[PDB]
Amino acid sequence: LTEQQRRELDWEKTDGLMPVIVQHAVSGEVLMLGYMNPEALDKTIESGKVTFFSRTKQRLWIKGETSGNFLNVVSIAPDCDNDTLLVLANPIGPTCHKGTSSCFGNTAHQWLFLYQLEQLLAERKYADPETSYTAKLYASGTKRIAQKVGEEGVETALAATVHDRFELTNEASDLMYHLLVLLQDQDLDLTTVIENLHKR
């Protein structure tokens, strides 16, 4: 937030309490909505931790003050008419008091599933070979996982070349699953790949 951006925030239209959307800075999941006054926004900038004004306790509260689940600020932006902020943040622990990542429960944009799939495949690392197909892959060693990425790339190429769109959909799915596993096996992740793509 530039100084002039903060000058243009419409506190009078919001009656000194600005609605603030907190979104996961990587996955795009909407985590919560809270409210800020000028001092909450200022403490948010200075500390790097999302800080709200609690009308209940009529005090500032850094989200995580009593839970341990903080939101590390990555970015802050106003909307087109300056009466709502979007904070992109990294949660250190789950955001909702129900033990789950979002205060909005189980409604999620389509692409979130890919991120959740990766998360699941990254938990199954180092968690014994009949828990899942994934764990047994992990146990097979890097060479066998890479072998499946290679095979699935071949199947994807061939199904496209034959113009069998339904087979291309399924082999592309296989490719993605095994690529996720292979990246996890090498201490990487799709986020790293997307970043590398972004730089180019």
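Residue positions are given as counts along the sequence shown, with the first one as 1.
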Stretch with the greater mean C-alpha B-factor as recorded in the entry, comparing 153-161 against 128-136: 128-136
Mean C-alpha B-factor comparison - 103-111 and 85-93, higher one: 103-111
Deposited CA B-factor, highest of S173, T44, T66, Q147: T66
Modelled-residue ranking by C-alpha temperature factor, third containing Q23: lowest
Chain third (lowest, middle, highest) by recorded CA B-factor, residue given as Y35: lowest
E12 - Cα temperature factor, lowest/middle/highest third of chain: highest
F52 - which third its CA temperature factor falls in, relative to the rest of the chain: middle
Ranked C-alpha temperature factor of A77 among modelled chain residues, by third: lowest
